[PDB]
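Chemist: I am attaching a structure below and will ask some questions about it afterwards.
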DNA sequence: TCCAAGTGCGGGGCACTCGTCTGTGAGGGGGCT
DNA sequence: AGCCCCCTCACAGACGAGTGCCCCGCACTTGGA
C-alpha cells in the first residue's frame, strides 16, 4: 500500500511479497501456502482487511488501518524478532 | 444371400438326390 | 488421488488452458491477474484442438461439462441463466500441480501449450 | 459428426415419403410401451416437428390412462402451474406449496401409497422457453424418477444437454430415439418467443395540434439531419399549439407510448432515416 | 392451430379415475417376458449383494464412530470421502440410516442442498427432518420448526433414557458456503445440550473441505476422514463376479462389452448407467421373440423346446450361423428333414443347446487358466484382468494375433523355476475355480469331466519339466492344443445356434443409449436424401446446393459458407436466386433456424444475424 | 345448550417494476512493420 | 496487407425503493347437533 499508494491487493500479491522475504528470513523458512491462507482469513474476519464491496485467493481487498497504528503496533509488540523489525522499517 | 433364396437353393439341391 | 474419467480430465485441462491463456494467443497454438473468463464454445474448441482423437459431440460430453461445474472444479463467473444461448461465462478454479498430475497420468504435457 | 476447432479460431413425392416416414415411426409404439414398462423414459431428438407424433401416441395408445400433456414451447408457463396441476387435478389434494421441492416431496409421498396408478406425461419441447433454467430440470428429473410417473419428451435445441449433469442424466432414464420427420415448426414458433405504415396509421388518429407538434419535430429532424425540449417548446408556443408545459409533455408521453418519438436525456429522435421521412413529409402536402 | 394447443393453458389434464404393469395379460404370459424378468431379477440381486459387501466395512466403521461418540464444545464430524458419482452413492447413507435405527443409537436427518438455499430454510429442514424421523420411527407446520422447539422436544422425550442427532450432508460441494458456515456455527453453538454428530459427503478431496471452511469455522471441528472404495474397483468387481459368472445363460459379445466399458471408463464413473445399459441390452436380446426364451437353464430349456410354436422355428432358422450347420452336412434326407418338416429340427435342437452351454462353460474355464498363465508375465500384452482377455478372445481368434506371439516370445525366455511356479499357480487356480463355483451348477459335471483329465495331462507335463529345454515347447504346444484351440474359439467358430445366447446387435444399442442430437440435425440439414429417400434431393457431395431441396437445407447451405455476421438482404437475394410468398418462406425458414439455436438476431444492429456455431 | 369445518377477510412474505447506476465485450474506428 | 490497440455503448448486474399480489392464519359462524 505504501508503494502502490492505497491500491487494492490480493492474496497472491501479498503472498509473493511475503515469500520474497520468507526465503531469506532464516526463521520463517518453511511455512506453506495453507497456514498463510488461514492467517489471511484470520485477518479477514477481524476486519483489519475489508473486501471491495471469484475465488477467495483472487478477491481484491483494502487495508482498513492507518500507517501510524501499524507503526505503534511495531513498538508495543512483545517478543518481536529482529528480522521482522528490520523488514518493517524498510 | 437372402434366407428364402438360399433355402430354395438347398431344397432344390437336396431334392434332386 | 481424485479419480476422473478420460474426457473429463481433458475437459479440465482444456478449461485450465482457456483460463491461463489470452484470447489472442489461441490462434498461434491450436491451428497446427487471476484466471480469465471464457465461454463454452471456446472450451469445446480447445478440447477438440488438443484431443487428437476426434470423438463426436454427444450428450455425455456436455453432461461432463455440467458435472464438472457441479463438482466446484469450474464455476459460473457471470451469465448462468442463458447457458444454452451462449452468453454464459466459465472460470477454471484449479492450480498448476493438479493439472500436471492429470497430464502425467494421461500423457499430455501442459508445459508446452503454456 | 465431429466438429472442427479451426472454424472457431479464424472467425409431390415429398408428401408421400413424409407419410411413409410417419407410418414407419408409428410402427414403434408397442416397442415404446414395452420400453416404458421397464422403467425407462422416451426422448425424441429429430429435425422436424414431433408434435403430431406425440399426439398420435397419446390418441392411439394412451387413450385410457392418466395423461398430463405439457406444452413446453408455451412462452408463459411455470413450474408452479404443472405442480399445482399434478397436486390438485390428478390427486385432488389442494394446491401445492409455493416452494417446488416440497411439492415434489408431496407428490412422491402421495404416489408411494398408490401402486398400479400409472401417470404419463408428454413434454413437448423439454428445452422450451421457461424450462431452460436448472431448477425446472431438477424438478422434472425428480418427477421422472418415481416408478409410477412415466415420461415422453421432445428435444429441439442444439445446446440442450449443457444443463443436465450426471445426476439429472441418471434420474432421467432416457432412451434416445431418432424420430426425424420433415414437418415444419408451425406450433412452436407461432408464440411470442419468436416503420412507416404504423406511423401513418397512428398519425391518421391524432388531432390537429398533435399533427402540428409532430410536423415540427419532423421538420427539425429533416433540417438538422434529435431536438432539445426548449426549442420544441418555443416553436409550439409561437404557433399557439400548446397552453403550458404539461400539455406538450403529455403529447410527448403519448408519442413515447405509441412508439413514434425516442426521448433520451431531453433529446427527441425519430428512429427512421431521411428518405422515408422525406417522402412522409411530402405526403402531407 | 389444433384445438388441443391453446393460447392460455400450458398443461392439460386427462384424469381417468385417479385417487389418493402397463402391459396386460398378452405380454406377461409369454415366456420371453418371464425369462427376461427372472434373469434381470437374478442379476440385480447379485449386483446389489456385491454393493452391500463392498460397503459393509466402512459402514461398520461409521456405526462404531457414532456409537463411540454416543458413549462419551466442538461437534464430532466425519468426512466420508465418496467418489465423484454422488447419486450412485446416496443409497450408502440410506443403509447407514437403517443401522442407526438397528441399535437405537441415533436419529438421522438428511440435508439435501436443494432445500438449503438460505439459513432459515436449512434450519427448518433440519428440525423438520429430525421431528418427522421421530414420528416415523415410533403434523407441525414449517413456520414453527426452530431450534427452540427441537430443544424442548429433546428435553421432553430423550432425556429420560444418550440418543445422538446425526446430520447427513450427501452433497458437500453443492452447498452454499455462507449457509454451510452458519449451519456449522449453529450446530457448534448448541453442543452440550443437544448431542450432534455431523457426517459429510465430500466428493473431490480433503483440500476442498479445508478450503471451503474458514479459520473461525474450522476452529470448532473435530473431523475424521473415512474413505470408501473407488468406482473402477466396483466396475472390475461387478464385471468379474456377475457379468463373467458361469451361472447366467445370457452372454454379451466383445463389441458390447468394449462399448459399455468405454462408456464407463471414458465418460462417467456410474455403476447405475452401466447397469441400465446392460438392462437395455438384456431387454433387446430377450424381446426378439418367444424363441429367445430358450436362453435359460437346461431343464427349463427342454420345457421351452417342448413349448415352441410354428414361427419360432422360422425365426431360429434365420440366424446367420445356422447356415454353417446346414451346409456342413453331406446328407440330403437330413437337409429335407431339418429345413421344412418343423419337428426333426425340434428333435435335433437340445444337443445344440447343450453344445452351446458346454462351449461357454469351457470358454470361462480356459479363460481363467489363460489369465493366470498370462497375468504373471511382465508388460502384459494380452491383458491383466479377465475382461480384456474376454474381449480379445471373443472378438477374434487369439492365436492369430501378433500379441499372442509377443506373449509367447516373452514367456519362452523364462528360466525353469519361475516357469514351474507360474504353471503350478495356474493349475491350482484352475482347479480351485473348477471345484469352488462350477460344481454346484447344472450341467457342470460334464464340463469338469471334459477339462480335468486334460488338466491331469498338463500336470504330468509339469512333472516332466520338473525332472528335466525341449520339453518347454512340448508343454506350450500341449497348452495350445488342449486349452486354447478347442475351448477358446472366436465368435465365428462358435456352436451353430449361439445367437440365442450371445448378444451381438451393437448398432441399435449404440444409437439408443448414446444420444447424438447434433449428428442427426447436421445429417438432416446437409442431405435430406438420407431421411426422405426422395429422388430429386440426392447429393453426390454434401455442398452441391441443389435447388429442389427442402427449404431449411438451402438456407443452411447458404449461411454455412459465410462468416460470423450474416447480412440478411444478400441472404434473401441468394435464396431468391437459388429457387409475395418467397419472403414468407424465407421468414419461416429463418424462424425455424433461430428456434433450433443455429443463429440469433443482433441487438445493437438492425437486419443482421449472429451465427452460433463454428 | 354447544360445535366442525367451511369461509371471509386481514396481514405479512415475496416478487415484479421502474428508475438509477456502473462495468464491459465486442463491434467499430484510427494507426501499423 | 491483414493486423494491433483504444472508444464506447447498449446488455449485465446491482440495487433500491416501492408497490401490488398471493398464501396463510384466524376468528366467524352457522346450520346443524
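Chemist: Conditions first: (1) within 16 Å of DNA strand F (Cβ to nearest atom); (2) surrounded by fewer than 20 Cβ atoms within 10 Å (Cβ to Cβ); (3) assigned to a helix (DSSP H, G or I). Residue D:129 passes all but one, so which condition is the exception?
Modeler: (3)
Chemist: Is there a residue being within 16 Å of DNA strand F (Cβ to nearest atom) and surrounded by 13 or more Cβ atoms within 10 Å (Cβ to Cβ) anywhere in the range A:7-14?
Modeler: Yes; the residues of the range A:7-14 include at least one that is within 16 Å of DNA strand F (Cβ to nearest atom) and surrounded by 13 or more Cβ atoms within 10 Å (Cβ to Cβ).
Chemist: Just give me the residues in the range E:548-575 being part of a loop (DSSP other than H, G, I, E, B) and within 14 Å of chain D (Cβ to nearest Cβ), in sequence order.
Modeler: E:548, E:549, E:550, E:560, E:561, E:562, E:563, E:564
Chemist: Take the residues in the range E:213-228 that are assigned to a loop (DSSP other than H, G, I, E, B) and away from every other protein chain (no Cβ under 11 Å), then tell me which one is nearest to residue E:185 (Cα to Cα).
Modeler: To start, the set of residues in the range E:213-228 that are assigned to a loop (DSSP other than H, G, I, E, B) comprises E:213-214, E:219-220, E:222-223, E:228.
Going one step further and asking which of them are away from every other protein chain (no Cβ under 11 Å), we end up with E:220, E:222-223, E:228.
Details: E:220: 8, E:222: 13, E:223: 15, E:228: 28 Å.
In this case the residue turns out to be E:220.
Chemist: Residue under question is residue E:315, and the condition is that it be more than 24 Å from the chain's Cα centre (by Cα) and over 29 Å from residue E:449 (Cβ atoms); does it hold?
Modeler: In short, yes.
Chemist: Exactly one condition in (1) within 14 Å of chain A (Cβ to nearest Cβ); (2) within 15 Å of DNA strand F (Cβ to nearest atom); (3) crowded, with 17+ Cβ neighbours inside 10 Å is false for residue C:74; which is it?
Modeler: Going through the list (1) within 14 Å of chain A (Cβ to nearest Cβ); (2) within 15 Å of DNA strand F (Cβ to nearest atom); (3) crowded, with 17+ Cβ neighbours inside 10 Å, residue C:74 breaks only (2).
Chemist: Restricting to the range D:49-91, what's the tally of residues that are in a helix (DSSP H, G or I), more than 16 Å from DNA strand F (Cβ to nearest atom) and closer than 29 Å to residue E:592 by Cβ?
Modeler: The number of residues fulfilling the criteria is 10.
Chemist: Let me ask something else about it. Looking at (1) within 21 Å of residue D:159 (Cβ to Cβ); (2) within 16 Å of DNA strand F (Cβ to nearest atom), can you tell me which one residue C:25 breaks?
Modeler: Of the numbered conditions (1) within 21 Å of residue D:159 (Cβ to Cβ); (2) within 16 Å of DNA strand F (Cβ to nearest atom), the odd one out for residue C:25 is (1).
Chemist: Then there is this: Starting from residues that are more than 16 Å from DNA strand G (Cβ to nearest atom) and more than 9 Å from chain E (Cβ to nearest Cβ), keep the ones in the range D:93-119 and report whichever is nearest to residue D:157 (Cα to Cα).
Modeler: Taking the candidates together, the pick is D:108.
Chemist: Would you please name the residue that is nearest to DNA strand F (Cβ to nearest atom), looking only at residues in the range C:77-86 that are farther than 19 Å from residue A:54 by Cα and touching a helix residue (DSSP H, G or I) at 6+ places or on another chain (Cβ under 8 Å)?
Modeler: The residue in question is C:86.
Chemist: Determine which single condition residue E:94 fails, assuming it passes every other condition in (1) surrounded by 14 or more Cβ atoms within 10 Å (Cβ to Cβ); (2) more than 14 Å from chain D (Cβ to nearest Cβ); (3) closer than 22 Å to residue D:101 by Cβ.
Modeler: (1)
Chemist: How many residues does the range E:576-592 hold that are more than 10 Å from chain D (Cβ to nearest Cβ) and either within 16 Å of DNA strand F (Cβ to nearest atom) or surrounded by 17 or more Cβ atoms within 10 Å (Cβ to Cβ) (or both)?
Modeler: The total comes to 1.
Chemist: Just checking: which of the helices (runs of 4 or more DSSP H) contained wholly in chain A hold 3 or more residues that are in contact with a helix residue (DSSP H, G or I) (Cβ under 8 Å, 6 or more places away or on another chain)?
Modeler: Output list reads A:11-22, A:33-45, A:82-89.
Chemist: Please state which one of D:83, D:54, D:62, D:68 is within 30 Å of residue D:105 (Cβ to Cβ), crowded, with 19+ Cβ neighbours inside 10 Å and facing chain E (nearest Cβ under 8 Å).
Modeler: Only one candidate qualifies: D:68.
Chemist: Checking residue A:65 against (1) loosely packed, with under 11 Cβ neighbours inside 10 Å; (2) more than 14 Å from every other protein chain (Cβ to nearest Cβ), only one condition comes out false. Which one?
Modeler: (1)
Chemist: Six or more apart or on different chains, Cβ atoms under 7 Å: show the pairs whose first residue is in the range C:58-83 and under 21 Å from residue C:17 (Cβ atoms) and whose second is within 11 Å of DNA strand G (Cβ to nearest atom).
Modeler: If the second residue must be within 11 Å of DNA strand G (Cβ to nearest atom), the pairs left are C:69/C:76; C:76/C:88; C:77/C:89; C:78/C:89; C:79/C:87; C:79/C:88; C:79/C:89.
Chemist: For the range E:144-177, which positions are in contact with a helix residue (DSSP H, G or I) (Cβ under 8 Å, 6 or more places away or on another chain) and in a helix (DSSP H, G or I)?
Modeler: Those that are in contact with a helix residue (DSSP H, G or I) (Cβ under 8 Å, 6 or more places away or on another chain) and in a helix (DSSP H, G or I): E:147, E:149, E:150, E:153, E:157, E:177.
Chemist: Residue C:112: surrounded by fewer than 18 Cβ atoms within 10 Å (Cβ to Cβ) and farther than 30 Å from residue E:82 by Cβ, yes or no?
Modeler: Considered against the rule, which asks whether it is surrounded by fewer than 18 Cβ atoms within 10 Å (Cβ to Cβ) and farther than 30 Å from residue E:82 by Cβ, residue C:112 comes out as yes.
Chemist: Return only the number of the condition from (1) assigned to a helix (DSSP H, G or I); (2) surrounded by 15 or more Cβ atoms within 10 Å (Cβ to Cβ) that residue D:260 does not satisfy.
Modeler: The number of the failed condition is (1).
Chemist: Would you please name the residue that is nearest to residue E:180 (Cα to Cα), looking only at residues in the range E:129-143 that are away from DNA strand F (no atom under 16 Å from the Cβ) and in a loop (DSSP other than H, G, I, E, B)?
Modeler: First pass over the range E:129-143, keeping only residues away from DNA strand F (no atom under 16 Å from the Cβ): E:129-138, E:140.
Subset that is in a loop (DSSP other than H, G, I, E, B): E:138, E:140.
Values: E:138: 31, E:140: 25 Å.
In this case the residue turns out to be E:140.
Chemist: Okay, moving on. Being more than 20 Å from residue E:613 (Cβ to Cβ), in a loop (DSSP other than H, G, I, E, B) and within 15 Å of DNA strand G (Cβ to nearest atom) is the filter here, so list the residues in the range C:56-113 that pass it.
Modeler: Selection gives C:80, C:81.
Chemist: Additional query: Of the residues in the range E:593-607, how many are within 27 Å of residue E:518 (Cα to Cα) and within 14 Å of DNA strand F (Cβ to nearest atom)?
Modeler: Of the residues in the range E:593-607, 5 are within 27 Å of residue E:518 (Cα to Cα) and within 14 Å of DNA strand F (Cβ to nearest atom).
Chemist: Sort out which residues of the range E:98-128 are assigned to a helix (DSSP H, G or I) and surrounded by fewer than 19 Cβ atoms within 10 Å (Cβ to Cβ), and write them in order of number.
Modeler: So the first thing to find is which residues in the range E:98-128 are assigned to a helix (DSSP H, G or I), and the list is E:98-100, E:113-115, E:119-128.
E:98, E:99, E:114, E:115, E:119, E:120, E:121, listed by residue number.
Chemist: Now for a separate question. If a residue has to be farther than 29 Å from residue C:58 by Cα and either assigned to a helix (DSSP H, G or I) or within 7 Å of another protein chain (Cβ to nearest Cβ) (or both) to count, how many in the range D:1-16 make the cut?
Modeler: Quick first cut of the range D:1-16, residues farther than 29 Å from residue C:58 by Cα only: D:12-16.
When the remaining residues are screened for being either assigned to a helix (DSSP H, G or I) or within 7 Å of another protein chain (Cβ to nearest Cβ) (or both), the result is D:13-16.
Residues flagged as farther than 29 Å from residue C:58 by Cα and either assigned to a helix (DSSP H, G or I) or within 7 Å of another protein chain (Cβ to nearest Cβ) (or both) within the range D:1-16 amount to 4.
Chemist: Let me ask something additional. Return yes when residue E:610 is under 30 Å from residue C:54 (Cα atoms) and within 16 Å of DNA strand F (Cβ to nearest atom) and no when it is not. Break it down stepwise before answering.
Modeler: Details: under 30 Å from residue C:54 (Cα atoms): yes; within 16 Å of DNA strand F (Cβ to nearest atom): yes.
Spelling it out, residue E:610 is indeed under 30 Å from residue C:54 (Cα atoms) and within 16 Å of DNA strand F (Cβ to nearest atom).
Chemist: Here's another thing I want to ask about it. Tell me which residues, restricted to the range C:18-55, are away from DNA strand G (no atom under 16 Å from the Cβ) and not in a loop (DSSP other than H, G, I, E, B).
Modeler: Result: C:18, C:19, C:42, C:43, C:44, C:45, C:46, C:47, C:48, C:49, C:50, C:51.
Where a number appears in this text, it was derived from the coordinates with a stated rule and is not lab data. FYI the Cβ positions are ideal-geometry reconstructions off the backbone, even for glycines, and counts take in every protein chain you see.
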